[PDB]
Amino acid sequence: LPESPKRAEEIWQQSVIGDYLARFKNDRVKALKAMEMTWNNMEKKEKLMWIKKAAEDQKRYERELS
């Protein structure tokens, strides 16, 4: 029953989705496109906090399995 571990990009997406949806007046394909473009353009230094969160969620998954 434990949820699968979340990738760095997914954790970041969760943090910003409300804002992109409000921007694009709830055009969901466009909000998702915009987020895809943004993540793809982000430098490693900007992705690092999300990489860390993804590493911790792998540990969360492992705890929950045991």
# chains A, B, ... in the order shown; residues from 1 in each chain; ligands from 1
$ residues_around --residues "residue A:60" --least-positions-apart "5" --cutoff "9 Å" --atoms "only C-alpha atoms" --output "list in words"
residues 5, 55 and 65 of chain A
$ residues_around --residues "residue A:46" --least-positions-apart "5" --cutoff "12 Å" --atoms "only C-alpha atoms" --output "JSON list (two decimals) with C-alpha atoms, in the first residue's frame"
[["chain", "number", "residue", "atom", "x", "y", "z"],
["A", 8, "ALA", "CA", 12.38, 15.22, -8.46],
["A", 9, "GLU", "CA", 10.30, 16.70, -11.34],
["A", 12, "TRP", "CA", 8.59, 20.29, -8.08],
["A", 38, "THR", "CA", 10.37, 25.24, -17.17],
["A", 39, "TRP", "CA", 11.80, 22.03, -15.65],
["A", 40, "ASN", "CA", 13.70, 21.34, -18.89],
["A", 41, "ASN", "CA", 15.28, 24.82, -18.74],
["A", 51, "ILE", "CA", 16.72, 15.97, -6.17],
["A", 52, "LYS", "CA", 17.19, 15.98, -2.37]]
$ residues_around --residues "residue A:16" --least-positions-apart "4" --cutoff "12 Å" --atoms "only C-alpha atoms" --output "number ranges by chain"
A: 9-12, 20-23, 31-32, 34-36, 38-39
$ write_last_selection --atoms "N, CA and C atoms" --output "short mmCIF file (atom, residue, chain, number, x, y, z; two decimals), in the first residue's frame"
data_model
loop_
_atom_site.label_atom_id
_atom_site.label_comp_id
_atom_site.auth_asym_id
_atom_site.auth_seq_id
_atom_site.Cartn_x
_atom_site.Cartn_y
_atom_site.Cartn_z
N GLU A 9 11.14 15.85 -10.50
CA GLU A 9 10.30 16.70 -11.34
C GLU A 9 8.85 16.75 -10.83
N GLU A 10 8.35 15.59 -10.43
CA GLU A 10 7.00 15.46 -9.86
C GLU A 10 6.82 16.26 -8.55
N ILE A 11 7.82 16.20 -7.67
CA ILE A 11 7.80 16.96 -6.43
C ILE A 11 7.77 18.47 -6.73
N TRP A 12 8.61 18.90 -7.67
CA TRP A 12 8.59 20.29 -8.08
C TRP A 12 7.24 20.66 -8.69
N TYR A 20 0.60 27.60 -12.00
CA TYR A 20 0.49 27.47 -13.46
C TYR A 20 -0.96 27.39 -13.95
N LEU A 21 -1.80 26.66 -13.20
CA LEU A 21 -3.23 26.56 -13.50
C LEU A 21 -3.93 27.92 -13.40
N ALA A 22 -3.61 28.70 -12.38
CA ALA A 22 -4.14 30.06 -12.20
C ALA A 22 -3.66 30.99 -13.30
N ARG A 23 -2.40 30.85 -13.69
CA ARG A 23 -1.85 31.58 -14.82
C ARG A 23 -2.65 31.26 -16.07
N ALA A 31 -0.82 24.43 -19.03
CA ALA A 31 -0.14 24.51 -17.73
C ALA A 31 0.95 23.43 -17.67
N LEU A 32 0.61 22.21 -18.08
CA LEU A 32 1.54 21.09 -18.08
C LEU A 32 2.68 21.31 -19.08
N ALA A 34 3.86 24.25 -20.03
CA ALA A 34 4.65 25.31 -19.43
C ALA A 34 5.56 24.75 -18.35
N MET A 35 5.00 23.88 -17.49
CA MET A 35 5.83 23.25 -16.47
C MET A 35 6.93 22.38 -17.06
N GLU A 36 6.61 21.64 -18.12
CA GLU A 36 7.60 20.81 -18.80
C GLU A 36 8.76 21.67 -19.33
N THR A 38 9.68 24.61 -18.29
CA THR A 38 10.37 25.24 -17.17
C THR A 38 11.38 24.27 -16.54
N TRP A 39 10.93 23.07 -16.17
CA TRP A 39 11.80 22.03 -15.65
C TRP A 39 12.95 21.74 -16.62
#
$ closest_residue --among "A:66, A:59, A:33, A:50" --to "residue A:15" --atoms "only C-alpha atoms"
A:50
$ closest_residue --among "A:1, A:44, A:37, A:58" --to "residue A:13" --atoms "only C-alpha atoms"
A:37
$ atom_distance --atom1 "atom CA of residue A:7" --atom2 "atom CA of residue A:54"
5.5 Å
$ select_by_dssp --residues "chain A" --states "alpha helix (DSSP H)" --output "MDAnalysis selection string"
chainID A and resid 8:23 28:41 44:65
$ atom_distance --atom1 "atom CA of residue A:26" --atom2 "atom CA of residue A:14"
15.2 Å
$ decode --residues "chain A" --atoms "C-alpha atoms" --output "compact mmCIF listing (two decimals), in the first residue's frame"
# COMPACT_ATOMS: atom_id res chain seq x y z
CA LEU A 1 0.00 0.00 0.00
CA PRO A 2 2.89 2.51 0.23
CA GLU A 3 2.80 5.10 -2.55
CA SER A 4 5.54 4.82 -5.17
CA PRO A 5 8.55 7.16 -4.66
CA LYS A 6 8.16 10.55 -6.46
CA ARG A 7 10.77 11.77 -8.98
CA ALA A 8 12.38 15.22 -8.46
CA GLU A 9 10.30 16.70 -11.34
CA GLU A 10 7.00 15.46 -9.86
CA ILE A 11 7.80 16.96 -6.43
CA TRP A 12 8.59 20.29 -8.08
CA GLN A 13 5.43 20.08 -10.24
CA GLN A 14 3.32 19.60 -7.10
CA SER A 15 4.86 22.76 -5.61
CA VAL A 16 3.94 24.93 -8.64
CA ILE A 17 0.86 23.39 -10.34
CA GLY A 18 -1.68 25.70 -8.56
CA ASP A 19 0.24 28.74 -9.86
CA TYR A 20 0.49 27.47 -13.46
CA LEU A 21 -3.23 26.56 -13.50
CA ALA A 22 -4.14 30.06 -12.20
CA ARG A 23 -1.85 31.58 -14.82
CA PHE A 24 -3.30 29.60 -17.71
CA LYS A 25 -6.90 30.02 -16.50
CA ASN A 26 -7.14 26.28 -15.94
CA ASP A 27 -6.05 25.19 -19.44
CA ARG A 28 -4.45 22.00 -18.10
CA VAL A 29 -2.52 20.92 -21.21
CA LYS A 30 -0.93 24.37 -21.46
CA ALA A 31 -0.14 24.51 -17.73
CA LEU A 32 1.54 21.09 -18.08
CA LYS A 33 3.39 22.19 -21.21
CA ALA A 34 4.65 25.31 -19.43
CA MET A 35 5.83 23.25 -16.47
CA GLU A 36 7.60 20.81 -18.80
CA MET A 37 9.43 23.71 -20.53
CA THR A 38 10.37 25.24 -17.17
CA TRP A 39 11.80 22.03 -15.65
CA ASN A 40 13.70 21.34 -18.89
CA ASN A 41 15.28 24.82 -18.74
CA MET A 42 16.12 24.74 -14.98
CA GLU A 43 19.85 24.41 -14.14
CA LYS A 44 21.15 21.60 -11.92
CA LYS A 45 21.57 24.16 -9.12
CA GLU A 46 17.80 24.91 -9.26
CA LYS A 47 16.92 21.19 -9.44
CA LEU A 48 19.12 20.23 -6.49
CA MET A 49 16.55 20.92 -3.74
CA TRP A 50 14.08 18.69 -5.65
CA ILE A 51 16.72 15.97 -6.17
CA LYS A 52 17.19 15.98 -2.37
CA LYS A 53 13.43 15.70 -1.76
CA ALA A 54 13.29 12.78 -4.22
CA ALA A 55 16.17 11.04 -2.38
CA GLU A 56 14.28 11.48 0.91
CA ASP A 57 11.08 10.11 -0.63
CA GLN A 58 12.97 6.97 -1.66
CA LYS A 59 13.86 6.63 2.04
CA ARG A 60 10.20 7.31 2.98
CA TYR A 61 9.14 4.49 0.61
CA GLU A 62 11.77 2.15 2.14
CA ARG A 63 10.63 2.94 5.72
CA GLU A 64 6.99 2.32 4.71
CA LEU A 65 7.87 -1.01 3.09
CA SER A 66 9.47 -2.10 6.39
